[PDB]
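One structure is given below, encoded as structure tokens.
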Ligand SMILES: [K+]
Ligand SMILES: [K+]
Ligand SMILES: [K+]
């Protein structure tokens, strides 16, 4: 567990799991390359196979430590049922002494992630039917729809604003489902802002 | 050990009271909790205590009685029920205190939501008439009129200001001065702990 | 020969600070939109009849006047007297040399409020100085087109609080160059204030 | 580090601030050789100046680590933007400025102001490439604006987005502006918090 190879390959699977977490929710939400991350995530299990509290040291371990989780994570087969891919996030779950100025990129990454997830949730809501998308259609010169890029960037925009507590006013919740989601995103924004943006301050302080 | 379990049950119950009482008074099951909250008094009668050095009648007679029974009696006069809140005040984990603080915030948002509803209702010769026009019910069920109230209250309290709700009549504007004054205090008092305890967790 | 730490001047000075608060709230409000003087002027001899640097409260009140002339007397003569009552704001400097005898939340709340007050008065002075803007647009929100004194003052206080606490409700939107630059200034001072004063609030809440 | 420099260094600080303020503003929307002269005298003053060493005691120095930048900036040759390189000069001296907190506060406020300025220039570039200028031309009664407006409203919106107020008169409404606003909200989320924690701390030092 102390090799000049384990480190580089672990950071490689880190980049690959960020790939997963950034491109499965978008894909599943908006419009619902990856075989290589499949191959690396199924090489990770065997890399555990080839690599005690009191002292130093493997196969039945995963049979009881973490396998069925990883099995339902990566297993081929409705196009919705791909959501279970997100289970791969657990790969960033149990290595947190060999992942942590890296914490700063991690914090920016997770903030952007939460913004992305809330953006796609917001898109699902606004597409489950006065709302917001009938409005975004009218703001820009696209009345009726808009291109997928316009929708995604406006969703990420509104989510990022109402998270950072600005509220530009071009995008405004106007239906009880939207308003309840807004109360929830404002709760999450209060909590996450208060925690992580004092966190970043303390990080830059100790440096 | 059962005293502690029972106290937590009654804490759930008093949160129930504080959540569903002001809503009932302003915008508008009861007996099952009122029986528990009146036998609360008999429980206080049997309940023990420790003295300063020497480790019940005069005890509760002087602790809180002229404020318990006034609310513990089976219309607006019912509002005095809110005094049950002090029940938690006497009887005070991270995963518990954080939930507590989030509950204070949600409760404050609720109280201010119903005050705002009262204020917007005292004038029908504003924001209410300036609400039913966004939503396609021009003139509004209690679901809407409550949810936009909580929406605006959370907006102003978290300092977002979305731009649908806008105080537009002097009483509303004074209410806004007040909520922003306390809200600036809340964000600078409440989130003075969510961003302060985390070193412990 | 009267002293400073007397239980008499304590209450009287709390009353005169209530009075200087009275002024600071009522002199800008007066020009922007009799006993109040005898107390402040009598304070000249109340302070006449102190403590030296490395000495006690020295008696023989003839060693008092020169010390006073050293400490604080000059602009106080303009204080104890067109828009010349603007000079009454110099009464505020009295709490300057007296602020040490107070120590706390209430001072902070009051100063946030009265800073908002001064800025409301300046915002009104700007909106009225140019005769499309903001005050010639408020008349369309309410049903007063072309507005009382109460209405204008309360909207100005509303907008000043909105900008100082970073809400921005959207019905007060600076729309001419003077207003925009004043808004740059208020947002800078707000980024200063909401930071400083409210870190102070956090610390005070910590102490208790 | 002479007393002559113990004043002329703050003088060249004012000069580099002048440049950082008037070079982007000149390149964006649209006395000079005078400041080029001071810039070219500084390097010679450094030539006859001193240099230090860790275990030892205090012309090729300019050849050592800081050579082509001071050169490429001190030439009166969208192009003159090169001058902005001069900025690095302040980095070369912060070991002596920050001794005065009463000065570092002014430094931080000027940092915030400068960032607001550069972002105002970027915002104007984005709006002027091909919007929000059409949305400005209608509030101010000048439909189609004098550069005074187009600049001060841009600085206004930039201070808004960076201070998290969002007055809602001007608002991003075309994908490029939206992405710029994402970036400005993020850079604000960084700098606001960090620099104003710094403000709280330094103002607390009294
Ligand atoms: K804000
Ligand atoms: K706003
Ligand atoms: K805002």
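Chains as they are written, first to last, in PDB author numbering: chain C, 402 to 433, 455 to 473, 477 to 482, 489 to 508, 521 to 543, 547 to 575, 583 to 597, 604 to 666; chain B, 405 to 432, 455 to 481, 489 to 507, 522 to 539, 545 to 577, 584 to 597, 605 to 666; chain A, 399 to 431, 457 to 472, 475 to 506, 522 to 543, 549 to 576, 583 to 597, 605 to 666; chain D, 403 to 432, 455 to 482, 490 to 508, 523 to 575, 584 to 597, 605 to 666.
C-beta: ideal position from N, C-alpha, C; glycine also.
Interface flag, residue i vs chain D, CB-CB below 8 Å
i                      : result
residue 486 of chain A : no
residue 419 of chain C : no
residue 583 of chain A : yes
residue 607 of chain C : no
Closer than 8 Å to chain C by CB, residue i
i                      : result
residue 560 of chain B : no
Contact check, residue i vs residue j, beta carbons under 8 Å
i                      : j                      : result
residue 537 of chain B : residue 414 of chain B : no
residue 626 of chain D : residue 626 of chain A : yes
residue 425 of chain D : residue 526 of chain D : yes
residue 652 of chain A : residue 623 of chain A : yes
residue 529 of chain A : residue 561 of chain A : no
residue 569 of chain B : residue 431 of chain B : yes
residue 476 of chain D : residue 491 of chain D : no
residue 657 of chain B : residue 660 of chain A : yes
residue 628 of chain D : residue 590 of chain A : no
residue 637 of chain C : residue 593 of chain C : no
residue 532 of chain C : residue 429 of chain C : no
residue 416 of chain A : residue 462 of chain A : no
residue 493 of chain A : residue 479 of chain A : no
residue 433 of chain C : residue 523 of chain C : yes
Distance between beta carbons of residue j and residue i, contact taken as under 8 Å
i                      : j                      : result
residue 630 of chain D : residue 585 of chain D : 6 Å
residue 655 of chain D : residue 553 of chain D : 5 Å
residue 458 of chain C : residue 505 of chain C : With a Cβ gap of about 12 Å, residue 458 of chain C and residue 505 of chain C do not count as contacting.
residue 609 of chain C : residue 635 of chain D : 6 Å
residue 399 of chain A : residue 472 of chain A : 6 Å
Residue i classed as buried or exposed, judged by whether at least 16 other C-beta atoms fall within 10 angstroms
i                      : result
residue 405 of chain C : exposed
residue 566 of chain D : buried
residue 507 of chain C : exposed
residue 617 of chain A : buried
residue 502 of chain A : exposed
residue 574 of chain D : exposed
residue 665 of chain C : exposed
residue 583 of chain A : exposed
residue 619 of chain C : buried
residue 456 of chain B : exposed
residue 403 of chain A : exposed
residue 621 of chain A : buried
residue 420 of chain A : exposed
residue 611 of chain C : buried
residue 474 of chain D : exposed
residue 642 of chain D : buried
Contact with chain A by residue i, beta-carbon distance below 8 Å
i                      : result
residue 594 of chain D : yes
Residue i beta carbon near ligand 5 (any heavy atom closer than 7 Å)
i                      : result
residue 624 of chain A : Summarising the ligand content, the structure contains ligand 1, ligand 2 and ligand 3 and does not contain ligand 5.
Residues within the stretch 610-640 of chain A neighbouring chain D, beta-carbon criterion of under 9 Å: 620, 621, 624, 625, 626, 627, 628, 630, 631, 632, 633, 634, 635, 638 and 639
Against chain B: residues of the stretch 643-662 of chain C by CB proximity under 7 Å: Taking 7 Å as the Cβ-Cβ cut-off against chain B, the residues of the stretch 643-662 of chain C that qualify are 645, 649, 650, 653, 654 and 657.
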